[PDB]
Structures are given as structure tokens and as C-alpha cells.
Amino acid sequence: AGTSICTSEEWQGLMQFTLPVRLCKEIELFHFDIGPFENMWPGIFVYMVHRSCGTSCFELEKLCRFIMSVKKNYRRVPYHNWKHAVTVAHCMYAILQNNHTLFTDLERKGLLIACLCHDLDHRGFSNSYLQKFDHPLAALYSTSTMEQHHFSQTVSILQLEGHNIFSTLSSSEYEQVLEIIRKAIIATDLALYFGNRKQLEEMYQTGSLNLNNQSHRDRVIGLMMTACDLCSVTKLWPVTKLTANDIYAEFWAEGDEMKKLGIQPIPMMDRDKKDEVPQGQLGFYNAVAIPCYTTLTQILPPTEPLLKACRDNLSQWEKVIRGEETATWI
Ligand SMILES: O=[N+]([O-])c1ccc2[nH]ncc2c1
Ligand code: NI
Ligand code: NI
């Protein structure tokens, strides 16, 4: 019930944070894993906003309140949590730094914020679940159910006293950035991804893709959102493999609920079907991750290291299937 708000101690502490100097170099690389630096995550986000958008872009106190309240509105679920938020924001930073002048100041600020907020108040349940069992959210939001909710949660946090980091935009730019954020969050609905990628592939291959065309820009930003949302698959193998453990902890807890309601879950959500996980991952990389990074690399060549890493992880899942797996810790 309701929107959580950070404490005075929380945001003032973030204000004083300084990013250890060794990390400045690493944070620029696509493969950077925030995993080992949990105390630093909010500070890492501040640093990225300041590098991409400038130290003056947002009033610092409002930005620190906003970030710490966002953190407090992610739930203690295994995967769709604060760590995932910051990981996705970092991928977006790396894409923006590598393609900086393709995007406007307003787009960079909107997209970094959109990434941090994109899974706000996730409960650990899929759109499939909310709609199968008529959760009130599915009645309010007939499609892209959770994504519409995440955007509503974002607006709710902006509306908290002292939290509106966008208030200094002109009335026009304010409307525009909220629309950038809305479209970007909605785009994280993987249901929309398949259509988006196919459209972009066609536009690219025929030569009609045009970044001065707003609808084209929206679609490219959409695919950037997918690429960032799934970026666990572009990390080093042990990081990818550990993250998969968290994703599945979430899926299996959902499957357990569907069994109580008399429906056998899809195998992916069935904790009694872990043997199917490697082939499930192969299917996901072939159907979703590989095509995504493939298209993103055609459109934004500097993003190629994401595709190379995704291919390397596809190879690792193939190794698992062939029984070649070596020692893993979890
Ligand atoms: O759609 N998803 O939520 C989702 C996300 C990541 C995934 N990895 N493997 C399957 C899979 C499904
Ligand atoms: Ni999501
Ligand atoms: Ni997500």
C-alpha cells in the first residue's frame, strides 16, 4: 500500500558519496558488473547521470532523494529488484556514452531515469500470472500490465515532495521527457519486443531507417531498452550463470502458485523441471537475446561487444547441454 519515501539520512549520505577512483575506468565498459559493489550502487547511478548529463542537469538534493526513494520502492524479490535496476541503468549508460551525440540531452536524462525505474514495485510475478488470475492490475492495465504499473510508480515518486528532478524543464520539455520515459518503460514488455525487432530489422535492411523520424527514434530506443533489460546475458559467464539462478528462483516461486490454483505451470516455472533449464536458455538466446543484440549492433555499431558477449554465453549454454559444464558456485 502506497509509495515509500527514503529517510533524510539516506539521501544526505548519497550526497556525500564519492566514486572510488579505480572504478571510473571500469564503469565505462559494457562488461562491467556492479555485483561486487553493493554499498556503491546509488553512487554509481549519480556518477553515470553526472557523466552523461552533467553535474548541473538535476538539482543534487532532489536527485539523491529521488534515487533513494526509487531504491526503497523495489521489493526484496530474487531478480526484479534494486540490483537489476542499477545493472540495466549501467548498460544504458554504456550504450549512451558510445553513441552520445545520436541522443538529445533530454533523451539521455529520460533514459537513464527510465532504466532505474523500469521495474519499480515488481512483485515477482509475470504478466501471464496477473492476467490468468485476474489480479486488479490486469483490469486496470489490459496489456503490458506490469510495465504500465512501473510507469505509474515512477510518476508517483516524482510527485513526492522534493523529488521532482524534472521540474526545472520548460513545460514542453517536461511533457516530452515523461513521454520518453513512458514509451521506454512500456518497451521493456518483451511481448512488444518481437514486433519491434522485426520492424527495425526491415527498416534497417531496406534502408528506410531514419533517426530524424520520431517513430523510428521511439523504436530504436525501445530496442535499447530490451538490450539493457536483458544485459545479464552480456556479462562474463560466471556472472550470467549466477544471475540466471536469481531469475529462476523468481520463476519457480510463481510456478508454485499456479499449482495451488490447479494449473500446471510452464516447465520454465516448474521447480521440478530444472533439467529443462539449459534447453530453455538455448531457446531464449536463439529467439530473443541473439536477434536483439544482432539488430542493435547493425543500428548502433559501437554496441558490438554486447553481441559478442551474448554469443559467448550462448556457446556456454551449448557446453552445458553437451555435459561439458565445469565447477559452478551459487
Ligand atoms: O520473459 N522473461 O521474463 C524472461 C527473462 C529472462 C529470461 N531468461 N530465460 C528466459 C527468460 C524469460
Ligand atoms: Ni519488467
Ligand atoms: Ni527488467
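Here are the numbers for this structure:
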{"item": "Per-region count, region 195-216, residues closer than 25 Å to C117 by Cβ and in contact (Cβ under 8 Å) with a residue 24 or more places away in the chain", "result": "4"}
{"item": "Count - residues of region 111-169 that are under 20 Å from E59 (Cβ atoms) and within 16 Å of ligand 3 (Cβ to nearest atom)", "result": "7"}
{"item": "Residues of region 112-136 classified as under 15 Å from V70 (Cα atoms), within 12 Å of ligand 2 (Cβ to nearest atom) and in a helix (DSSP H, G or I), total", "result": "3"}
{"item": "Selection within region 310-330 - in contact with a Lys or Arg (Cβ under 7 Å, 6 or more places away or on another chain) and either in contact (Cβ under 8 Å) with a residue 60 or more places away in the chain or part of a helix (DSSP H, G or I) (or both)", "result": "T328"}
{"item": "Hits in region 243-284 (condition: more than 16 Å from ligand 3 (Cβ to nearest atom) and either under 17 Å from the mean Cα position of the chain (by Cα) or part of a loop (DSSP other than H, G, I, E, B) (or both))", "result": "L261, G262, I263, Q264, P265, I266, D270, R271, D272, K273"}
{"item": "Qualifying position, being outside any helix (DSSP H, G or I), over 16 Å from the mean Cα position of the chain (by Cα) and touching a residue at least 12 places away in the same chain (Cβ under 8 Å), among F66, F58", "result": "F58"}
{"item": "Pair list, Cβ < 6 Å and 6+ apart or interchain, from region 246-267 residues that are surrounded by fewer than 18 Cβ atoms within 10 Å (Cβ to Cβ) to residues that are part of a helix (DSSP H, G or I)", "result": "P267/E276"}
{"item": "Hits in region 7-30 - residues which are touching a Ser or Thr at 6+ places or on another chain (Cβ under 9 Å) and part of a loop (DSSP other than H, G, I, E, B)", "result": "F30"}
{"item": "Test: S52 is crowded, with 18+ Cβ neighbours inside 10 Å, more than 16 Å from the chain's Cα centre (by Cα), closer than 15 Å to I27 by Cβ and small (G, A, S)", "result": "yes"}
{"item": "Residue match in region 267-274 (condition: touching a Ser or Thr at 6+ places or on another chain (Cβ under 7 Å) and basic (K, R))", "result": "no"}
{"item": "Matching residues, region 137-172, being touching a helix residue (DSSP H, G or I) at 6+ places or on another chain (Cβ under 7 Å) and either in a loop (DSSP other than H, G, I, E, B) or among the acidic types (D, E) (or both)", "result": "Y141, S144, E147, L160, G162, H163, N164, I165, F166, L169"}
{"item": "Matching residues, region 268-289, being polar (S, T, N, Q) and crowded, with 18+ Cβ neighbours inside 10 Å", "result": "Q281"}
{"item": "Condition met for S167 (of a type outside the set (F, W, Y) and within 16 Å of ligand 1 (Cβ to nearest atom))", "result": "no"}
{"item": "Qualifying residues in region 69-91 (those that are away from ligand 2 (no atom under 16 Å from the Cβ) and either β-branched (V, I, T) or in contact (Cβ under 8 Å) with a residue 24 or more places away in the chain (or both)) - the one surrounded by the most Cβ atoms within 10 Å (Cβ to Cβ)", "result": "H90"}
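Cβ sites come from the backbone with ideal geometry, for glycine too, and all protein chains shown count toward neighbours. Read-outs: derived from the displayed coordinates by stated rules, not from any lab.
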